[PDB]
$ cat model-v2.tsv   # TSV, C-alpha atoms
chain	number	residue	atom	x	y	z
A	1	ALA	CA	-18.82	2.01	25.75
A	2	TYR	CA	-20.07	0.19	22.67
A	3	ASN	CA	-22.91	2.68	22.24
A	4	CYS	CA	-20.40	5.52	22.38
A	5	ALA	CA	-18.25	3.62	19.86
A	6	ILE	CA	-21.29	3.28	17.60
A	7	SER	CA	-21.82	7.03	17.88
A	8	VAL	CA	-18.22	7.82	16.96
A	9	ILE	CA	-18.56	5.33	14.09
A	10	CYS	CA	-21.59	7.24	12.79
A	11	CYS	CA	-19.26	9.75	11.09
A	12	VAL	CA	-15.73	8.29	10.99
A	13	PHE	CA	-15.44	4.88	9.31
A	14	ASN	CA	-18.41	5.78	7.12
A	15	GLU	CA	-16.97	3.17	4.73
A	16	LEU	CA	-16.56	-0.56	5.42
A	17	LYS	CA	-13.87	-1.97	7.73
A	18	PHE	CA	-15.34	-0.62	10.95
A	19	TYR	CA	-12.48	-1.99	13.10
A	20	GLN	CA	-14.13	-4.98	14.76
A	21	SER	CA	-57.77	38.04	18.23
A	22	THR	CA	-60.38	40.18	19.95
A	23	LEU	CA	-62.03	37.04	21.31
A	24	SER	CA	-58.59	35.69	22.21
A	25	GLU	CA	-57.77	38.98	23.93
A	26	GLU	CA	-61.07	38.85	25.81
A	27	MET	CA	-60.39	35.25	26.86
A	28	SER	CA	-56.89	36.19	28.03
A	29	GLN	CA	-58.26	39.12	30.03
A	30	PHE	CA	-60.87	36.85	31.62
A	31	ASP	CA	-58.18	34.29	32.45
A	32	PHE	CA	-55.93	37.00	33.91
A	33	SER	CA	-58.80	38.34	36.02
A	34	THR	CA	-59.55	34.77	37.10
A	35	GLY	CA	-55.82	34.11	37.55
A	36	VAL	CA	-56.13	30.64	36.01
A	37	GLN	CA	-54.35	29.68	32.78
B	1	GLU	CA	24.78	-19.33	-19.98
B	2	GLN	CA	21.04	-19.99	-19.65
B	3	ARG	CA	21.60	-21.45	-16.19
B	4	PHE	CA	23.06	-18.17	-14.97
B	5	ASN	CA	20.29	-16.41	-16.91
B	6	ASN	CA	17.59	-18.04	-14.80
B	7	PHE	CA	19.89	-17.48	-11.81
B	8	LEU	CA	19.89	-13.77	-12.70
B	9	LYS	CA	16.10	-13.81	-12.84
B	10	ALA	CA	15.93	-15.54	-9.46
B	11	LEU	CA	18.41	-13.20	-7.77
B	12	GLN	CA	16.78	-10.12	-9.28
B	13	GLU	CA	13.32	-11.09	-8.05
B	14	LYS	CA	14.80	-12.09	-4.68
B	15	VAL	CA	16.47	-8.72	-4.20
B	16	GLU	CA	13.29	-7.01	-5.45
B	17	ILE	CA	11.09	-8.72	-2.86
B	18	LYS	CA	13.83	-7.85	-0.39
B	19	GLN	CA	13.61	-4.29	0.92
B	20	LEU	CA	16.92	-2.57	1.64
B	21	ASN	CA	18.22	0.97	1.97
B	22	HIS	CA	21.28	0.37	-0.22
B	23	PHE	CA	19.17	-2.03	-2.26
B	24	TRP	CA	19.66	-3.32	-5.82
B	25	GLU	CA	19.67	0.31	-7.01
B	26	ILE	CA	23.45	0.24	-6.57
B	27	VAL	CA	23.44	-3.24	-8.10
B	28	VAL	CA	21.30	-2.13	-11.05
B	29	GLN	CA	23.30	1.02	-11.79
B	30	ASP	CA	26.31	-1.29	-11.90
B	31	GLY	CA	24.16	-4.08	-13.33
B	32	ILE	CA	24.17	-2.18	-16.60
B	33	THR	CA	26.21	-5.12	-17.95
B	34	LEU	CA	24.35	-8.41	-18.50
B	35	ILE	CA	21.91	-8.80	-15.62
B	36	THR	CA	19.63	-10.78	-17.94
B	37	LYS	CA	19.71	-13.70	-20.37
B	38	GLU	CA	22.09	-13.82	-23.31
B	39	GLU	CA	22.15	-17.17	-25.11
B	40	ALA	CA	19.86	-16.38	-28.06
B	41	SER	CA	19.64	-12.75	-29.13
B	42	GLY	CA	16.37	-10.93	-29.72
B	43	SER	CA	14.72	-12.16	-26.54
B	44	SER	CA	17.98	-11.42	-24.71
B	45	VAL	CA	18.03	-7.70	-25.51
B	46	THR	CA	14.33	-7.04	-24.84
B	47	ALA	CA	14.53	-9.01	-21.59
B	48	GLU	CA	17.59	-6.94	-20.67
B	49	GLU	CA	15.62	-3.75	-21.32
B	50	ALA	CA	12.69	-5.01	-19.24
B	51	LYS	CA	14.93	-6.08	-16.34
B	52	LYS	CA	17.05	-2.91	-16.38
B	53	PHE	CA	14.17	-0.66	-15.28
B	54	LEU	CA	12.87	-3.44	-12.98
B	55	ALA	CA	9.70	-3.66	-15.10
B	56	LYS	CA	5.11	1.61	-11.96
B	57	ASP	CA	4.13	2.84	-8.49
B	58	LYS	CA	0.83	3.09	-6.60
B	59	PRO	CA	-0.05	2.63	-2.90
B	60	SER	CA	-3.10	0.64	-1.84
B	61	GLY	CA	-4.31	-1.71	0.86
B	62	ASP	CA	-5.73	-1.15	4.35
B	63	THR	CA	-4.38	-2.63	7.59
B	64	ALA	CA	-1.04	-3.75	6.16
B	65	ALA	CA	1.43	-2.24	8.66
B	66	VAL	CA	3.27	-3.64	11.68
B	67	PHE	CA	1.09	-4.85	14.56
B	68	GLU	CA	-2.39	-4.58	12.98
B	69	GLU	CA	-3.80	-3.36	16.30
B	70	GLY	CA	-1.88	-0.23	15.29
B	71	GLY	CA	-3.06	-0.46	11.71
B	72	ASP	CA	-6.47	0.71	12.89
B	73	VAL	CA	-4.52	3.39	14.76
B	74	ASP	CA	-2.91	4.18	11.41
B	75	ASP	CA	-6.44	4.27	10.04
B	76	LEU	CA	-7.38	6.29	13.14
B	77	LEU	CA	-4.91	9.04	12.20
B	78	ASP	CA	-6.76	9.82	8.94
B	79	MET	CA	-9.32	12.36	10.15
B	80	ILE	CA	-7.66	15.09	12.27
$ encode --input "model-v2.tsv" --output "structure tokens"
Amino acid sequence: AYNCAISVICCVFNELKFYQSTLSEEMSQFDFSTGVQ
Amino acid sequence: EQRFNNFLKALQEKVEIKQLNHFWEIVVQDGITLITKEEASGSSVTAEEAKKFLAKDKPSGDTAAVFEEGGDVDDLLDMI
């Protein structure tokens, strides 16, 4: 509850008084043929 | 004379600090006749002028309402 109160204090009460490639293509094709990423 | 002059000062400040609906406004609008000192002139007239208009207005101060645990609620109602 106090963490949620801190969160809601983060915006309201901003003041005081807080209320206390070809090679890449080839590699991909080889990986696809191998079926291993 | 001067005794009732300081009495007038005391009663005027007492009604001022008092808050009423039919407050000294009725008294003042009828208190157009000698609500202030008159024993030595000069100071008498200027004091009468000062006391006639009761002197300003400006609101300030946080958490000053009834039941302060609602004053934060009053502060709570300031975001929408």
$ closest_residue --input "model-v2.tsv" --among "B:3, B:9, B:51, B:58" --to "residue 32 (chain B)" --atoms "only C-alpha atoms"
B:51
$ residues_near_point --input "model-v2.tsv" --point "(-12.2, -10.3, 12.7)" --cutoff "12 Å" --atoms "all atoms listed in the file" --output "MDAnalysis selection string"
(chainID A and resid 17:20) or (chainID B and resid 68:69)
$ atom_distance --input "model-v2.tsv" --atom1 "CA of residue 20 (chain B)" --atom2 "CA of residue 37 (chain B)"
24.8 Å
$ atom_distance --input "model-v2.tsv" --atom1 "CA of residue 6 (chain A)" --atom2 "CA of residue 60 (chain B)"
26.8 Å
$ atom_distance --input "model-v2.tsv" --atom1 "CA of residue 73 (chain B)" --atom2 "CA of residue 3 (chain A)"
19.9 Å
